[PDB]
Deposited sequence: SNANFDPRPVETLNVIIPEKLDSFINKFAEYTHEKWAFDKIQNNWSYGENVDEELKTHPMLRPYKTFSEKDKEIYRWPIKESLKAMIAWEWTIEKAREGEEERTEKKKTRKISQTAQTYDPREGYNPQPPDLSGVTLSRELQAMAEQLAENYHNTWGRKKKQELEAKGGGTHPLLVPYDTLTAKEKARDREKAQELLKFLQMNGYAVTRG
C-alpha cells in the first residue's frame, strides 16, 4: 500500500546566496540535455518537430527568457527546499573545482553519508511523483500504476532514475565546494 507524503516546500525559503548555484546547476542540466540531443543530431528549430529533430531550446541557456530558465531552475529549487525542510546545512566550504560541452560528473565520488542523503532525496522524488500520479489517475477516471508502491519496495532498476537525480545534485554541489551535512 502506498500513501506518499512528499515534504511540504511551499513556505520553505532558499537563502539568497544559493541563487548563483541554482543558475549554474540549471545551466548544467540544460547543457547535459542539449549535449544528448545534439549527439542524436537534433538542431535548433523554431518549433519542436520529432520528424525533423528540431527543438527551440537547442541554444545557450544564457539566451533564455526567465520563463525558460525557470523550466530548469524550478526542479532544482524544489530539491533544495526539501533539503532545507529536513534541516540539512548547505555551506560553501571551499572554492569550486551551438556546441554544449557540459562538465563530466563521472569522476565525482560521494561519501557514504552523502550517498545516504541521496536516498532520502530519491525517496522524496518518488513520493512527489506518486502523489501527483494518484491525482492524475483520479482526474482521468481512476486506475492504477505498478510503481505506486513505497520507494523501499522498488527494485534497484526502478530506483535508478531517482538515485541518479539525487546524486547529480549532490555531486554538483560538491564540485562547486559546498558541504552538505545534517
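- Unmodelled segments of the deposited chain, in sequence order: 1-3, 101-124, 210.
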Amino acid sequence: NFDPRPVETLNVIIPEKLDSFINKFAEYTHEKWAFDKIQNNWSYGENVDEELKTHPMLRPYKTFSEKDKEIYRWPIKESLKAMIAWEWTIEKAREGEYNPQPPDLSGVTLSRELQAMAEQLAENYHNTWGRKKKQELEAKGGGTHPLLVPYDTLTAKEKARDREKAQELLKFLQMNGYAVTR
From here on, numbers count along this sequence of modelled residues.
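- Here 3-11 and 171-179 are compared by their mean Cα B-factor, and 3-11 comes out higher.
- On average the C-alpha atoms of 62-70 have higher B-factors than those of the other stretch, with 24-32 and 62-70 being the two compared.
- Within the listed group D104, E78, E87, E91, the record reports its top CA B-factor for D104.
- Based on the entry's C-alpha B-factors, the most elevated value among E51, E138, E113, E123 belongs to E51.
- Among the modelled residues of its chain, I38 has a C-alpha B-factor that falls in the highest third according to the deposited record.
- When the CA B factors of the chain's modelled residues are split into thirds, the value for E46 lands in the highest one.
- In the PDB entry, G130 places in the lowest third of its chain by CA B-factor.
- Ranked against the other modelled residues of its chain, the C-alpha B-factor of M57 as given in the entry falls in the highest third.
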